[PDB]
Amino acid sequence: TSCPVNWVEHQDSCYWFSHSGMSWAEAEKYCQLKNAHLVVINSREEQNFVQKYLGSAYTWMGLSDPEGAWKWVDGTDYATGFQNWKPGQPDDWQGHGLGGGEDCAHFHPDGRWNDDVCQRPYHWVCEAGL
């Protein structure tokens, strides 16, 4: 085993899928505590692997835009990288009325992405090197 117990190995990364929900900031903290990061989707092949094993619930990834531009937590370039947005997303929606727009990306159960309110308790995926 190249990955720790409770982690899944795929193509030179280890992944951990939560069975619980946290805000994006608390999930980011959790992953960093484990010497990992919220998942960064680098390719269609990795998107297919992650979406196949989602827990049938909205799930945070390591993609956010609170200071204006979309950034991956590990510095992977967003604009030249893989994208898989739901139709009409991202929309920085304000109409939830919770304050501000929407600055954190998550998967829908089908794998397509949405921007949502960072404070929402969603599932998350951690990713580390082998």
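The first residue of the sequence shown is number 1, and the count goes up from there.
Note: missing coordinates for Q94 occur in a third or more of the other compared entries bracketing this position.
Looking at mean Cα B-factors across 75-83 and 37-45, the upper value is held by 75-83. If you average the C-alpha B-factors over 93-101 and over 61-69, the higher value belongs to 61-69. Of the candidates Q11, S18, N114, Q119, the deposited coordinates give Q11 the top C-alpha B factor.
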